[PDB]
>>> print(open('data-v4.cif').read())   # mmCIF, C-alpha atoms
data_upload
loop_
_atom_site.label_atom_id
_atom_site.label_comp_id
_atom_site.auth_asym_id
_atom_site.auth_seq_id
_atom_site.Cartn_x
_atom_site.Cartn_y
_atom_site.Cartn_z
CA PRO A 216 -5.74 4.83 11.07
CA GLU A 217 -4.02 4.31 14.48
CA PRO A 218 -0.44 4.22 16.02
CA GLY A 219 0.61 0.87 14.46
CA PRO A 220 2.51 -0.61 11.36
CA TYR A 221 0.86 -1.62 8.01
CA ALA A 222 1.13 -4.37 5.35
CA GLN A 223 -0.90 -6.55 2.92
CA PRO A 224 -2.65 -4.25 0.28
CA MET B 1 25.74 -8.45 27.22
CA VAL B 2 23.77 -6.34 29.83
CA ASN B 3 20.55 -7.47 28.05
CA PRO B 4 17.39 -7.36 30.33
CA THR B 5 14.81 -10.12 29.63
CA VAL B 6 11.13 -9.05 30.10
CA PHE B 7 8.86 -12.01 30.92
CA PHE B 8 5.05 -12.16 30.49
CA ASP B 9 2.18 -14.66 30.60
CA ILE B 10 0.06 -14.51 27.44
CA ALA B 11 -3.66 -15.20 28.15
CA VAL B 12 -6.57 -15.69 25.71
CA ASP B 13 -9.89 -14.53 27.32
CA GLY B 14 -7.90 -14.36 30.63
CA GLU B 15 -7.02 -18.09 30.27
CA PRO B 16 -3.11 -18.47 30.07
CA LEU B 17 -2.36 -19.78 26.52
CA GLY B 18 1.35 -19.69 27.33
CA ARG B 19 4.23 -17.37 28.22
CA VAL B 20 6.76 -15.29 26.23
CA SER B 21 10.09 -13.75 27.33
CA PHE B 22 11.77 -11.04 25.18
CA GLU B 23 15.49 -10.19 25.08
CA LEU B 24 15.83 -6.36 25.25
CA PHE B 25 18.97 -5.20 23.41
CA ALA B 26 19.75 -2.37 25.90
CA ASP B 27 23.42 -2.60 24.77
CA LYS B 28 22.26 -1.38 21.28
CA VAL B 29 19.08 0.73 21.84
CA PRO B 30 19.06 1.61 25.65
CA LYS B 31 16.30 4.25 25.40
CA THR B 32 13.58 2.23 23.60
CA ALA B 33 14.50 -1.01 25.56
CA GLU B 34 14.48 0.41 29.19
CA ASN B 35 11.32 2.40 28.21
CA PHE B 36 9.23 -0.80 27.79
CA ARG B 37 11.05 -2.41 30.80
CA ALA B 38 9.91 0.48 33.06
CA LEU B 39 6.35 0.29 31.55
CA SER B 40 6.06 -3.47 32.32
CA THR B 41 7.42 -3.15 35.91
CA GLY B 42 5.52 0.17 36.14
CA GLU B 43 8.08 1.80 38.48
CA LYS B 44 7.43 5.07 36.54
CA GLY B 45 3.77 5.01 37.75
CA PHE B 46 2.08 3.20 34.81
CA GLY B 47 1.93 -0.54 35.75
CA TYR B 48 1.08 -2.03 32.28
CA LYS B 49 -0.91 -5.09 33.42
CA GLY B 50 -3.41 -7.06 31.25
CA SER B 51 -2.08 -5.39 28.05
CA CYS B 52 -4.54 -6.48 25.30
CA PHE B 53 -3.33 -7.67 21.86
CA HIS B 54 -6.41 -5.99 20.27
CA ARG B 55 -4.84 -5.37 16.80
CA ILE B 56 -3.47 -8.54 15.07
CA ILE B 57 -3.04 -9.39 11.33
CA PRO B 58 -2.14 -13.06 10.25
CA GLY B 59 1.01 -13.36 8.09
CA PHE B 60 2.32 -10.02 9.51
CA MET B 61 2.26 -8.98 13.22
CA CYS B 62 0.48 -9.28 16.64
CA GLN B 63 0.15 -5.82 18.38
CA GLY B 64 -0.65 -5.26 22.09
CA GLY B 65 -1.71 -2.13 23.99
CA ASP B 66 -3.62 -0.58 26.91
CA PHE B 67 -6.99 1.15 27.61
CA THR B 68 -5.44 4.41 29.07
CA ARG B 69 -6.22 7.01 26.33
CA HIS B 70 -6.91 4.21 23.73
CA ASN B 71 -7.78 6.90 21.09
CA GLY B 72 -4.57 7.88 19.23
CA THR B 73 -2.13 6.40 21.82
CA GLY B 74 -3.40 3.53 24.08
CA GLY B 75 -0.09 2.54 25.74
CA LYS B 76 2.08 5.66 26.19
CA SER B 77 5.82 5.58 27.13
CA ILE B 78 7.98 6.76 30.12
CA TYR B 79 8.62 9.76 27.79
CA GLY B 80 4.82 10.34 27.91
CA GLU B 81 2.49 10.52 24.85
CA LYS B 82 5.27 9.96 22.25
CA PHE B 83 9.04 10.38 21.67
CA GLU B 84 11.66 10.06 18.88
CA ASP B 85 13.93 6.98 18.43
CA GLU B 86 17.46 6.76 19.90
CA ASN B 87 19.20 5.06 16.91
CA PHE B 88 18.13 2.69 14.04
CA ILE B 89 20.48 -0.30 14.75
CA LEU B 90 17.96 -3.17 14.93
CA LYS B 91 16.35 -3.68 11.48
CA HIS B 92 13.17 -5.84 11.00
CA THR B 93 15.09 -8.75 9.34
CA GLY B 94 13.56 -11.55 11.49
CA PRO B 95 10.47 -13.00 13.32
CA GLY B 96 9.44 -12.19 16.94
CA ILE B 97 10.48 -8.52 16.48
CA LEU B 98 9.32 -6.65 19.67
CA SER B 99 9.14 -2.92 18.91
CA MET B 100 6.77 -0.11 20.27
CA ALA B 101 3.94 0.90 17.87
CA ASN B 102 3.90 4.27 16.07
CA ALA B 103 2.42 6.30 13.20
CA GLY B 104 5.97 7.38 12.19
CA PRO B 105 9.24 9.14 13.40
CA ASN B 106 8.79 11.20 16.67
CA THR B 107 5.40 9.35 17.05
CA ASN B 108 6.95 6.25 18.77
CA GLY B 109 5.93 5.24 22.33
CA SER B 110 2.26 4.31 21.90
CA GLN B 111 1.33 0.55 22.22
CA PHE B 112 3.76 -2.25 21.10
CA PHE B 113 3.88 -4.78 18.24
CA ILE B 114 5.55 -8.19 17.73
CA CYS B 115 6.30 -8.86 14.01
CA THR B 116 5.36 -12.58 13.74
CA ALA B 117 6.81 -12.52 10.19
CA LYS B 118 10.07 -10.82 9.03
CA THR B 119 8.56 -7.41 8.15
CA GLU B 120 11.42 -5.95 6.01
CA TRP B 121 9.17 -3.18 4.57
CA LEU B 122 9.47 -1.63 8.11
CA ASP B 123 13.22 -0.88 7.40
CA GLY B 124 14.23 2.84 7.13
CA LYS B 125 11.65 3.43 9.90
CA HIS B 126 11.21 2.98 13.71
CA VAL B 127 13.84 0.73 15.40
CA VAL B 128 13.34 -2.64 17.18
CA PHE B 129 14.35 -2.85 20.92
CA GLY B 130 13.64 -6.50 21.82
CA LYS B 131 12.94 -9.92 20.28
CA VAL B 132 11.15 -13.13 21.33
CA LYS B 133 13.88 -15.40 22.79
CA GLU B 134 11.31 -17.92 24.21
CA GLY B 135 7.58 -18.48 23.40
CA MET B 136 7.59 -17.66 19.62
CA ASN B 137 5.10 -20.55 19.16
CA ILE B 138 2.74 -18.66 21.59
CA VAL B 139 3.28 -15.39 19.59
CA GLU B 140 2.20 -17.10 16.31
CA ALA B 141 -0.64 -18.72 18.34
CA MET B 142 -1.77 -15.10 19.18
CA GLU B 143 -1.54 -14.38 15.42
CA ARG B 144 -4.18 -17.14 14.78
CA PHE B 145 -6.78 -15.17 16.85
CA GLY B 146 -6.26 -12.07 14.63
CA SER B 147 -7.86 -10.95 11.33
CA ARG B 148 -6.51 -9.24 8.13
CA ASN B 149 -8.32 -5.89 8.83
CA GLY B 150 -6.67 -5.85 12.33
CA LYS B 151 -9.65 -7.43 14.19
CA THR B 152 -9.09 -9.88 17.10
CA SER B 153 -11.76 -12.60 17.52
CA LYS B 154 -10.25 -13.38 20.99
CA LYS B 155 -9.23 -11.08 23.90
CA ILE B 156 -5.49 -11.74 24.32
CA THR B 157 -4.33 -9.94 27.52
CA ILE B 158 -0.88 -10.09 29.22
CA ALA B 159 -2.05 -12.08 32.32
CA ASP B 160 1.10 -11.49 34.43
CA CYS B 161 4.68 -10.04 34.34
CA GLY B 162 7.96 -10.62 36.27
CA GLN B 163 10.97 -9.87 34.02
CA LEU B 164 13.90 -12.36 34.16
CA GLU B 165 16.77 -10.09 35.29
#
>>> encode(input="data-v4.cif", output="structure tokens")
Amino acid sequence: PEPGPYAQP
Amino acid sequence: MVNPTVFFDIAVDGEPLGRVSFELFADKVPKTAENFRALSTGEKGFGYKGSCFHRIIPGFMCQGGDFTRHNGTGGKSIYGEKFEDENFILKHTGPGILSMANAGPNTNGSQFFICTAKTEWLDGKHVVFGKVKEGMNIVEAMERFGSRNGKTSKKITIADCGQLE
């Protein structure tokens, strides 16, 4: 919900 | 091979925990590398000092950024709000991956992130520009102040700068 990467569901 | 090194002092609560230098691969991705170099020196009128690692997840990545327009950007580039990547040479196949944060393609140039783990699920997406050459132990030390939701229990700011070039 921001400019930044994702991981870990 | 015409690689600029950007040097910083990493500080927890303002107290220097250590220091990290990053090798910018300007020979591969000149746009995205020199971008961050000109942000850190601030010769383009930005002067990114005290850049706070306010979004960190353990077993993934430690992400830094700035207070200037923190909503939706919080660390804009020399290309302004956001720009599109030069070329996807550097894949996320290793640890210490220094790359500027984004929501996707043409949305790069807001904050930065250092993949503490080899984040290979970030392949086919926004390109790396630098990597931790020295101080990877301090980067994973920053990781230990972060939380799974993205919360940081400690205020990790870039105390000082002074790129080795």
>>> atom_distance(input="data-v4.cif", atom1="atom CA of residue B:115", atom2="atom CA of residue B:45")
27.6 Å
>>> interface_residues(input="data-v4.cif", of="chain B", to="chain A", cutoff="9 Å", atoms="all atoms listed in the file", output="list in words")
residues 55, 57, 59, 60, 61, 63, 71, 72, 73, 74, 100, 101, 102, 103, 104, 107, 108, 110, 111, 112, 113, 119, 121, 122 and 148 of chain B
>>> atom_distance(input="data-v4.cif", atom1="atom CA of residue B:1", atom2="atom CA of residue B:160")
25.9 Å
>>> residues_near_point(input="data-v4.cif", point="(10.1, -14.9, 25.6)", cutoff="9 Å", atoms="all atoms listed in the file", output="ChimeraX atom specification")
/B:5-8,19-23,131-136
>>> atom_distance(input="data-v4.cif", atom1="atom CA of residue B:157", atom2="atom CA of residue B:10")
6.3 Å
>>> residues_near_point(input="data-v4.cif", point="(-10.7, -15.6, 27.0)", cutoff="9 Å", atoms="all atoms listed in the file", output="count of residues only")
10
>>> build_atoms(input="data-v4.cif", residues="chain A", atoms="N, CA, C and O atoms", output="PDB file, keeping the file's coordinate frame")
ATOM      1  N   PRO A 216      -4.915   3.741  10.465  1.00  0.00           N
ATOM      2  CA  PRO A 216      -5.740   4.830  11.070  1.00  0.00           C
ATOM      3  C   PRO A 216      -5.567   4.846  12.606  1.00  0.00           C
ATOM      4  O   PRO A 216      -6.472   5.245  13.349  1.00  0.00           O
ATOM      5  N   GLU A 217      -4.374   4.441  13.056  1.00  0.00           N
ATOM      6  CA  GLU A 217      -4.020   4.310  14.480  1.00  0.00           C
ATOM      7  C   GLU A 217      -2.476   4.242  14.593  1.00  0.00           C
ATOM      8  O   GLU A 217      -1.795   4.038  13.568  1.00  0.00           O
ATOM      9  N   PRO A 218      -1.882   4.462  15.804  1.00  0.00           N
ATOM     10  CA  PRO A 218      -0.440   4.220  16.020  1.00  0.00           C
ATOM     11  C   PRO A 218      -0.114   2.704  15.930  1.00  0.00           C
ATOM     12  O   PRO A 218      -0.274   1.956  16.903  1.00  0.00           O
ATOM     13  N   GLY A 219       0.290   2.271  14.727  1.00  0.00           N
ATOM     14  CA  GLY A 219       0.610   0.870  14.460  1.00  0.00           C
ATOM     15  C   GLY A 219       1.051   0.655  13.003  1.00  0.00           C
ATOM     16  O   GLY A 219       0.556   1.353  12.111  1.00  0.00           O
ATOM     17  N   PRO A 220       1.978  -0.326  12.729  1.00  0.00           N
ATOM     18  CA  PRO A 220       2.510  -0.610  11.360  1.00  0.00           C
ATOM     19  C   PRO A 220       1.460  -1.200  10.394  1.00  0.00           C
ATOM     20  O   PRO A 220       0.413  -1.698  10.824  1.00  0.00           O
ATOM     21  N   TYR A 221       1.775  -1.173   9.080  1.00  0.00           N
ATOM     22  CA  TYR A 221       0.860  -1.620   8.010  1.00  0.00           C
ATOM     23  C   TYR A 221       1.556  -2.616   7.065  1.00  0.00           C
ATOM     24  O   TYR A 221       2.794  -2.636   6.965  1.00  0.00           O
ATOM     25  N   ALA A 222       0.721  -3.419   6.391  1.00  0.00           N
ATOM     26  CA  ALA A 222       1.130  -4.370   5.350  1.00  0.00           C
ATOM     27  C   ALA A 222      -0.113  -4.960   4.679  1.00  0.00           C
ATOM     28  O   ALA A 222      -1.245  -4.713   5.126  1.00  0.00           O
ATOM     29  N   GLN A 223       0.130  -5.754   3.609  1.00  0.00           N
ATOM     30  CA  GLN A 223      -0.900  -6.550   2.920  1.00  0.00           C
ATOM     31  C   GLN A 223      -1.975  -5.646   2.271  1.00  0.00           C
ATOM     32  O   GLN A 223      -2.985  -5.326   2.911  1.00  0.00           O
ATOM     33  N   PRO A 224      -1.732  -5.175   0.999  1.00  0.00           N
ATOM     34  CA  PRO A 224      -2.650  -4.250   0.280  1.00  0.00           C
ATOM     35  C   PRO A 224      -4.070  -4.845   0.067  1.00  0.00           C
ATOM     36  O   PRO A 224      -5.051  -4.265   0.569  1.00  0.00           O
TER      37      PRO A 224
END
